[PDB]
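One structure is given below, encoded as structure tokens.
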Amino acid sequence: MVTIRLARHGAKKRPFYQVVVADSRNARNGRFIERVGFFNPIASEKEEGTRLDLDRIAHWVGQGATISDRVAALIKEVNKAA
Amino acid sequence: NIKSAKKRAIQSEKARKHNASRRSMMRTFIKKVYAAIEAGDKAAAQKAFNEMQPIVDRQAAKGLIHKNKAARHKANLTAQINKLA
Amino acid sequence: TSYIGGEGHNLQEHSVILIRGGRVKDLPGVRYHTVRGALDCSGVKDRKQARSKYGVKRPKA
Amino acid sequence: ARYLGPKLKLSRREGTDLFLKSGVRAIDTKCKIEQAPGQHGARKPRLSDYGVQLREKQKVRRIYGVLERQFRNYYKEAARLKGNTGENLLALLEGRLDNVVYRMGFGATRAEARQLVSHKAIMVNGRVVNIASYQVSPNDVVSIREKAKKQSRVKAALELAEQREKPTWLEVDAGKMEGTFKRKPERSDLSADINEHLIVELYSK
Amino acid sequence: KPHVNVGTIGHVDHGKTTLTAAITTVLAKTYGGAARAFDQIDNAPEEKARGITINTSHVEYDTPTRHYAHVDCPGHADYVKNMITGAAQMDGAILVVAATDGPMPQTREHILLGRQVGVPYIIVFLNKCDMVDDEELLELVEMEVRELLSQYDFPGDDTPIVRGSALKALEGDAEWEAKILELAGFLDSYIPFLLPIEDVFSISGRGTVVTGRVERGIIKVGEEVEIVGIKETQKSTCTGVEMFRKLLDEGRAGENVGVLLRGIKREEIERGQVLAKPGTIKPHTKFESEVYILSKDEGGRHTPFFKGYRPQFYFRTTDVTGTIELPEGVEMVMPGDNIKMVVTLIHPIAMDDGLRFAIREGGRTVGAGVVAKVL
RNA sequence: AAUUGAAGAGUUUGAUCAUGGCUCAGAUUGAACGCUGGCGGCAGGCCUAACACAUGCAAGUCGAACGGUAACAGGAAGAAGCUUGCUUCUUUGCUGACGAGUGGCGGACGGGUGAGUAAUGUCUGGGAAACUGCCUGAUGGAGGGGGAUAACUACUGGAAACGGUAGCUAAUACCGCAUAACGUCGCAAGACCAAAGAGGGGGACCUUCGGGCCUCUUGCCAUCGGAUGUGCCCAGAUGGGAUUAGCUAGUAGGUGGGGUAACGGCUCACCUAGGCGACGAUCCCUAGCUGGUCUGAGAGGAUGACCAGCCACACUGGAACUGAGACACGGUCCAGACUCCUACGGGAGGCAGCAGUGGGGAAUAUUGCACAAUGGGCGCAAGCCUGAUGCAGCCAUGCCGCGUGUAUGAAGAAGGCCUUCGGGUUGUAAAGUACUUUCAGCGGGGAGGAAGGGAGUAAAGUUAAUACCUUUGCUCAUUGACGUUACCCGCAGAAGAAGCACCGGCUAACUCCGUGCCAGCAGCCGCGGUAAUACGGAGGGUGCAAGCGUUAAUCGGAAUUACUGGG
RNA sequence: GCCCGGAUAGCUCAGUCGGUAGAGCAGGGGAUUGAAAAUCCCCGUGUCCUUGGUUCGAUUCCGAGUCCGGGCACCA
Ligand SMILES: Nc1nc2c(ncn2[C@@H]2O[C@H](COP(=O)(O)OP(=O)(O)O)[C@@H](O)[C@H]2O)c(=O)[nH]1
Ligand SMILES: *C(=O)[C@@H](N)Cc1ccccc1
């Protein structure tokens, strides 16, 4: 099973989630096939904080890979249409 | 050990007594074919073949064999009787 | 065998101590220093300068 | 962090008015300058090469009020920049907030200027900055927070800047006690007597 | 809250336990607090202190100004192993004297045992005043106690004696109920967590558990407590308290508890030291002590001592011997003096003013002392 | 924008140039110790005993798989108090849910240690003789029967552990039949092989009145795929010793049989007699490997803590089953060692999981909080479990930031110290005086980490249907361990916060007195023999800073292993 | 917690079954020399660990504690 989950990085009280394509039978920050963008939930009023290249994502889900609910909800936030 | 996953202990013993009993009958059907090949009776083994050909193939779909091991059996066993006939 | 430094010590046949290396090039064979102020070896008396070595505490008064 | 000791004695170590005690009385004259480093200060120092190289470095540290590890951290910054190491150090050291406010004239002495910065009185970009080691970026404006504005200290200090230099790599308003930092300084316009050439090879070893 | 240990002494069956059941109830209703039943005080659970089986009930009564932890023994021999060995000590005792029996020989032994261990104050409670209701016989019982105190070196000429009836204070009759308040009032007028080290136990798997009954204050599981020992003092915390292998969330005043430390060996703590409050007392290498010397017929000595004489001081749980310096003016100190002596003990420990002890030397109790001045 | 970068000095000698070792100045450390000590931010903290271990907890879950319901809460029938429906309350699986049992799934993940391993491993680059649950793509099927077993009862052995005897019933449990395909065995013809039903809603119809029937969601069987994982093979590379020189006889290859998912000496029978070996076999010693870390101008040298991938191990040794996957940390069987219970016949147990204890050792932390978040497990979901993880506690262990205040202040004091006793120095230092206040401490406000989920409603699809279900918005109440948070404001007062090494040269910075080859100093050269800038105290100065020194360790300097770069 | 052995001038030991403490190795003080070797001339420098008892009198007798090493427990 291949998933599109996250990866807790950063520090104590200062997270930085790496939206990553990995396997479900491994560690959170373990073996991953690729990191498709990143996510900053502790962001500011700057010009960034979320990057997700849809093409790489769709190529994985189209194969049979599952997506994490957190990422999918944020995918509705990244709005593929608008 | 003190763990509710000790049912897998009694599950396996129920399964090993079951599975091996099936494997023993699976093997003896193979042995029966070798008796005729030893005596050289091309007619007996042919019948003995189709006697349990479905049997060894039956454990394949059951999940007992890796299905390729079972297929390998039907290949060489035929090779012996065609060598004889 | 180690070198017991200090002005008047209190080591008698036993009492566990600590050994730190370092030759003195004054005695044939020795290669260590018994640390003053460790486990049983008390601090040397009347020493007001350089007390990190010799294990003397800071004078209370 | 700080030295907090007789901060005029070390000026006698080198025999130069390092502005450590500007205050309100401009000219001191009663400190026995140039002839009171220690007790037997009448003797002439042997002054070896390692000694002349050290004093050059030791002069500036007592001037900005930083320490060795702080300085070695600063020098390492100068190594990883193009152009020239000699100027990379001095351009960096002017980036100190307590130096900037001192150069603006809002601080009599750097020691006094360091205190207003550390006590949230200073405000850059409308933001309160506590750490004096704040490397100010070019083209930025600083100001004094309103509650801590004109609390008698900056008032006396502002007029004392009228016996000063009034540099060119920065700009002041002095109408609402506002100062704006321009581009980073060049060597040619900073005191003209502090040699950075001797500093560089000391940290090579 | 300041705390003083108190106990009821005297002849058995005079009214000690019911008086103990009288003060615990009178201070719990009119002032507030928890009350202990009489049968709960009459029956005492067992405890093993220094290897001796001791049955002592630990009840408590609270006064608006003072905190009290009471001890009791339904057997005279149990009272014997209390004060001398170092189990139970009171700064002020409540001498229970029945008006129908007066000063009994057993009452005379409790007056005697107060001398040796060093009990400075003794409040007297004349009990059984509900039988002898005449003025003449009630004052003959008063002078016999006072003569038994004055002969035994006690300030019997100015001690407040409370005439009362203990059993009448149980049902709640106001006439004798308020008199116990006069008794409780006399406990305050006339008469800081600290813990002695009676025995240590390296509980297998848990760590080092020090045993000892609570001297003063209340402690819970988790407080940072310091320990003053005959070494350089250290800091730790009480990660647990159990009593006879029975869980206990709080270690209160009077209860024989078991404190569990935070990372300490058996060699770090030796029996005799003390766990005190982090910030009250520091150890001293020098101090002054006031002592009273017995005579040859009550133990003591028969030959005097000189300079350099080092007797074994027994302060609550410690057998520390110390070379004693004598005051100027005296050379030979004969058995029977009441002079002060200078102490330079071999190993520093928390020695504040007021600490009582019974001096020994060779194997017999020589005298009773109290720290006069800390140096 | 992407390595702008390399130092020396002391000591052979009467003196000198070389050769040549020894040593020191630097950086660093998973650190330890000594002294001292104000706080905070982020990491890190058992390297020796892979030493033995008390207790708590660390993997369970699903009623939408099934018989049941021992318990808790309702419904319903009934029954008793007596206020006649206010209560009391015996039956009852009829619902919600649920101990224990059968079953599917997980338990092979996650987490810890480094004993073993010198090549069966790892790293690098290729390869074909394979397999691959969960997830996903495409195409068909999913028809029909039978008999046991646990729970549950009766009886019964045993201290317990732990079973036994005669019977009961069902199922997505199990076993046959039917039907086969581009699937499998075969040159072909032919032969042979699969399975399982549940949940919600409801119209006509239909009700042996259980339910069928239509439909929605999901699961089951087979095949070729795909993604992913896993296994196997070759080549290169991956420590030291030749005072280790011959090693090997299932060993080198072949044929055949058998076995393995798959090729194979993987294993056997027979034939042949070869195979490895100086560009190092075997043997012995040591040892987890790499991406990296430290030093170094580089090349290289040393090293492999934390993190990440991999292999190995799970008290010792061995074996095997189950299963997609283990030949398995919290699984089984056996031998052995060490503990534990014992009713002495017999059984029970493995902290190198997080804490913790004994002991070891120079030395390395709480038997904490919560599942809010991320991930994982099961489940339709809700949820439940989660010592993974997220946090808190402990320590100056490291990197980093900040404070211990500022300005003013000359009889240029007292006192200390030196003095040619004039004075100088301590010293703008302090006192005195005028202001401000980070962080401590006290008292109130207050981010953000929170995405969703649950219920409701409208719309759009699904359908016979406005239902059910699914999806896109929206409304209500909201879910936060940390947490007396980050941050902000107010109040009082300089109030609560500075030691450590050193001062002959190398190497930055001095005298006096005391001790007199004594005591001690010491890295090296070297000090001390009665006037010591080197011993000890004291004043002063210097270096650094909440750290300063010391020892050990590694590299550098060492071009004293020299390929760059020597003789 | 309890039971013994060492605690004898710098060091190692004799002496006791009460009678005013020894020896050996020492080391040092003086004369010589620039300072010592060598030679000559003189040597206890002791609280018998401390303390108390049985006292004409205790190192030695009975007692205790403390320090050190060696054996046994006990497990809030
Ligand atoms: N007459 C009378 N008897 C009393 C009084 N106080 C106590 N007692 C009696 O003393 C007896 C025991 O008293 P207590 O102190 O419990 O004795 P203990 O527990 O055995 O030492 C009881 O039986 C009471 O009757 C009193 O005031 N008057
Ligand atoms: C442990 O039980 C202590 N709280 C009390 C105790 C009992 C027996 C012996 C020693 C202490």
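Just so we're on the same page: first chain in the structure tokens is A, next is B, and so on; residues restart at 1 for each chain, and ligands are numbered from 1 in the order they show up.
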Next item on the list: Taking only C-alpha atoms (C1' of nucleotides) and all ligand atoms into account, report as number ranges by chain which residues have an atom no farther than 7 Å from an atom of ligand 1.
Entry: E: 12-19, 42, 73-75, 127-131, 164-168
Would you mind exporting N, CA, C and O atoms of the selected residues as a PDB file, in the first residue's frame?
ATOM      1  N   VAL E  12      -1.598   2.769  84.470  1.00  0.00           N
ATOM      2  CA  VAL E  12      -2.583   2.168  83.580  1.00  0.00           C
ATOM      3  C   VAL E  12      -3.952   2.131  84.257  1.00  0.00           C
ATOM      4  O   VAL E  12      -4.056   1.883  85.462  1.00  0.00           O
ATOM      5  N   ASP E  13      -4.993   2.390  83.470  1.00  0.00           N
ATOM      6  CA  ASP E  13      -6.375   2.404  83.947  1.00  0.00           C
ATOM      7  C   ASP E  13      -6.705   3.626  84.803  1.00  0.00           C
ATOM      8  O   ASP E  13      -7.586   3.572  85.664  1.00  0.00           O
ATOM      9  N   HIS E  14      -5.992   4.724  84.563  1.00  0.00           N
ATOM     10  CA  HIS E  14      -6.235   5.973  85.281  1.00  0.00           C
ATOM     11  C   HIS E  14      -7.133   6.850  84.417  1.00  0.00           C
ATOM     12  O   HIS E  14      -7.878   7.689  84.925  1.00  0.00           O
ATOM     13  N   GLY E  15      -7.053   6.646  83.105  1.00  0.00           N
ATOM     14  CA  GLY E  15      -7.856   7.425  82.180  1.00  0.00           C
ATOM     15  C   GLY E  15      -7.012   8.069  81.095  1.00  0.00           C
ATOM     16  O   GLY E  15      -7.343   9.147  80.602  1.00  0.00           O
ATOM     17  N   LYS E  16      -5.923   7.404  80.722  1.00  0.00           N
ATOM     18  CA  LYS E  16      -5.015   7.903  79.692  1.00  0.00           C
ATOM     19  C   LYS E  16      -5.638   7.895  78.295  1.00  0.00           C
ATOM     20  O   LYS E  16      -5.663   8.919  77.611  1.00  0.00           O
ATOM     21  N   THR E  17      -6.132   6.734  77.877  1.00  0.00           N
ATOM     22  CA  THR E  17      -6.725   6.579  76.551  1.00  0.00           C
ATOM     23  C   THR E  17      -8.046   7.328  76.369  1.00  0.00           C
ATOM     24  O   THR E  17      -8.334   7.824  75.277  1.00  0.00           O
ATOM     25  N   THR E  18      -8.852   7.406  77.426  1.00  0.00           N
ATOM     26  CA  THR E  18     -10.121   8.121  77.338  1.00  0.00           C
ATOM     27  C   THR E  18      -9.854   9.625  77.339  1.00  0.00           C
ATOM     28  O   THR E  18     -10.657  10.406  76.825  1.00  0.00           O
ATOM     29  N   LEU E  19      -8.726  10.027  77.925  1.00  0.00           N
ATOM     30  CA  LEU E  19      -8.347  11.437  77.945  1.00  0.00           C
ATOM     31  C   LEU E  19      -7.832  11.747  76.545  1.00  0.00           C
ATOM     32  O   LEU E  19      -7.972  12.865  76.049  1.00  0.00           O
ATOM     33  N   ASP E  42      -7.763   2.575  71.833  1.00  0.00           N
ATOM     34  CA  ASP E  42      -7.521   1.514  72.808  1.00  0.00           C
ATOM     35  C   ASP E  42      -6.770   0.363  72.145  1.00  0.00           C
ATOM     36  O   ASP E  42      -5.930  -0.285  72.772  1.00  0.00           O
ATOM     37  N   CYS E  73      -0.163   4.089  74.687  1.00  0.00           N
ATOM     38  CA  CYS E  73       0.186   2.684  74.896  1.00  0.00           C
ATOM     39  C   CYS E  73      -0.681   2.051  75.985  1.00  0.00           C
ATOM     40  O   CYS E  73      -0.665   2.491  77.136  1.00  0.00           O
ATOM     41  N   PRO E  74      -1.453   1.009  75.629  1.00  0.00           N
ATOM     42  CA  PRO E  74      -2.333   0.307  76.572  1.00  0.00           C
ATOM     43  C   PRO E  74      -1.597  -0.706  77.453  1.00  0.00           C
ATOM     44  O   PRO E  74      -2.219  -1.490  78.174  1.00  0.00           O
ATOM     45  N   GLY E  75      -0.269  -0.680  77.378  1.00  0.00           N
ATOM     46  CA  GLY E  75       0.559  -1.566  78.176  1.00  0.00           C
ATOM     47  C   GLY E  75       1.709  -0.747  78.734  1.00  0.00           C
ATOM     48  O   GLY E  75       2.391  -0.048  77.983  1.00  0.00           O
ATOM     49  N   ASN E 127      -7.526  13.160  86.889  1.00  0.00           N
ATOM     50  CA  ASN E 127      -8.713  12.502  86.366  1.00  0.00           C
ATOM     51  C   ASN E 127      -9.541  11.865  87.480  1.00  0.00           C
ATOM     52  O   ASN E 127      -9.121  11.830  88.638  1.00  0.00           O
ATOM     53  N   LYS E 128     -10.724  11.379  87.116  1.00  0.00           N
ATOM     54  CA  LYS E 128     -11.642  10.736  88.056  1.00  0.00           C
ATOM     55  C   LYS E 128     -12.141  11.683  89.145  1.00  0.00           C
ATOM     56  O   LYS E 128     -12.305  11.291  90.302  1.00  0.00           O
ATOM     57  N   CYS E 129     -12.392  12.931  88.761  1.00  0.00           N
ATOM     58  CA  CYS E 129     -12.882  13.932  89.702  1.00  0.00           C
ATOM     59  C   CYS E 129     -14.403  13.873  89.818  1.00  0.00           C
ATOM     60  O   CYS E 129     -15.020  14.744  90.434  1.00  0.00           O
ATOM     61  N   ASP E 130     -15.003  12.843  89.224  1.00  0.00           N
ATOM     62  CA  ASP E 130     -16.453  12.673  89.271  1.00  0.00           C
ATOM     63  C   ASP E 130     -16.840  11.754  90.430  1.00  0.00           C
ATOM     64  O   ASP E 130     -18.022  11.588  90.735  1.00  0.00           O
ATOM     65  N   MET E 131     -15.835  11.157  91.069  1.00  0.00           N
ATOM     66  CA  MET E 131     -16.063  10.273  92.212  1.00  0.00           C
ATOM     67  C   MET E 131     -15.739  11.037  93.491  1.00  0.00           C
ATOM     68  O   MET E 131     -16.596  11.204  94.360  1.00  0.00           O
ATOM     69  N   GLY E 164     -10.293  17.143  86.115  1.00  0.00           N
ATOM     70  CA  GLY E 164     -11.395  16.854  85.220  1.00  0.00           C
ATOM     71  C   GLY E 164     -11.832  15.402  85.178  1.00  0.00           C
ATOM     72  O   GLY E 164     -11.278  14.541  85.870  1.00  0.00           O
ATOM     73  N   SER E 165     -12.847  15.141  84.360  1.00  0.00           N
ATOM     74  CA  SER E 165     -13.390  13.800  84.183  1.00  0.00           C
ATOM     75  C   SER E 165     -13.350  13.462  82.695  1.00  0.00           C
ATOM     76  O   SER E 165     -14.066  14.060  81.888  1.00  0.00           O
ATOM     77  N   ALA E 166     -12.507  12.496  82.343  1.00  0.00           N
ATOM     78  CA  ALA E 166     -12.324  12.084  80.955  1.00  0.00           C
ATOM     79  C   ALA E 166     -13.528  11.420  80.282  1.00  0.00           C
ATOM     80  O   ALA E 166     -13.811  11.691  79.113  1.00  0.00           O
ATOM     81  N   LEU E 167     -14.232  10.551  81.005  1.00  0.00           N
ATOM     82  CA  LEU E 167     -15.385   9.863  80.432  1.00  0.00           C
ATOM     83  C   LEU E 167     -16.577  10.802  80.226  1.00  0.00           C
ATOM     84  O   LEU E 167     -17.409  10.580  79.340  1.00  0.00           O
ATOM     85  N   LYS E 168     -16.646  11.857  81.033  1.00  0.00           N
ATOM     86  CA  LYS E 168     -17.730  12.832  80.925  1.00  0.00           C
ATOM     87  C   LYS E 168     -17.486  13.760  79.732  1.00  0.00           C
ATOM     88  O   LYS E 168     -18.415  14.399  79.218  1.00  0.00           O
TER      89      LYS E 168
END
Can you write out as a tab-separated table which residues of chain G fall within 12 Å of ligand 2, alongside each residue's closest atom pair and its distance in Å to one decimal, counting only C-alpha atoms (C1' of nucleotides) and all ligand atoms and ordering rows by chain and ascending residue number?
residue	atom	partner	partner_atom_place_in_ligand_line	distance
G:74	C1'	ligand 2	9 (C)	9.8
G:75	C1'	ligand 2	9 (C)	9.6
G:76	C1'	ligand 2	1 (C)	3.6
Check: So which residues of chain C fall under strand (DSSP E) by DSSP, listed as number ranges by chain?
Finding: C: 3-4, 19-21, 32-34
Residues from last step as file, C-alpha atoms, as an mmCIF file, in the first residue's frame:
data_model
loop_
_atom_site.group_PDB
_atom_site.id
_atom_site.type_symbol
_atom_site.label_atom_id
_atom_site.label_comp_id
_atom_site.auth_asym_id
_atom_site.auth_seq_id
_atom_site.Cartn_x
_atom_site.Cartn_y
_atom_site.Cartn_z
ATOM 1 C CA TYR C 3 52.009 10.876 42.405
ATOM 2 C CA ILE C 4 50.231 12.385 45.415
ATOM 3 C CA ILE C 19 43.623 8.784 39.196
ATOM 4 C CA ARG C 20 44.264 11.198 36.314
ATOM 5 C CA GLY C 21 47.191 10.846 33.921
ATOM 6 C CA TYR C 32 49.702 9.929 37.080
ATOM 7 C CA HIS C 33 48.226 12.402 39.553
ATOM 8 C CA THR C 34 45.916 11.448 42.412
#
Note to self: Taking 3 positions as the minimum chain separation for residues in the same chain, which residues sit within 12 Å of residue 47 in chain G when counting only C-alpha atoms (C1' of nucleotides)? Answer as a PyMOL selection string.
What the structure shows: (chain E and resi 308) or (chain G and resi 9+50-51)
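Compared by their closest atoms to chain F, and using only C-alpha atoms (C1' of nucleotides), the residues E:260, E:214, E:291, E:227 rank with E:260 nearest.
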Checklist line | Check: which chain B residues lie within 6 Å of chain F using only C-alpha atoms (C1' of nucleotides), as a PyMOL selection string | finding: chain B and resi 12+54+57-58+74-75
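Residue neighbourhood of range 32-42 of chain B, excluding near-sequence residues (fewer than 2 positions): residues 28, 29, 30, 44, 45, 46, 48, 49, 80, 81, 84 and 85 of chain B, at 8 Å, using only C-alpha atoms (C1' of nucleotides).
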Note to self: I need the alpha helix (DSSP H) residues of chain B per DSSP on the backbone, written as a PyMOL selection string.
What the structure shows: chain B and resi 7-39+42-62+68-84
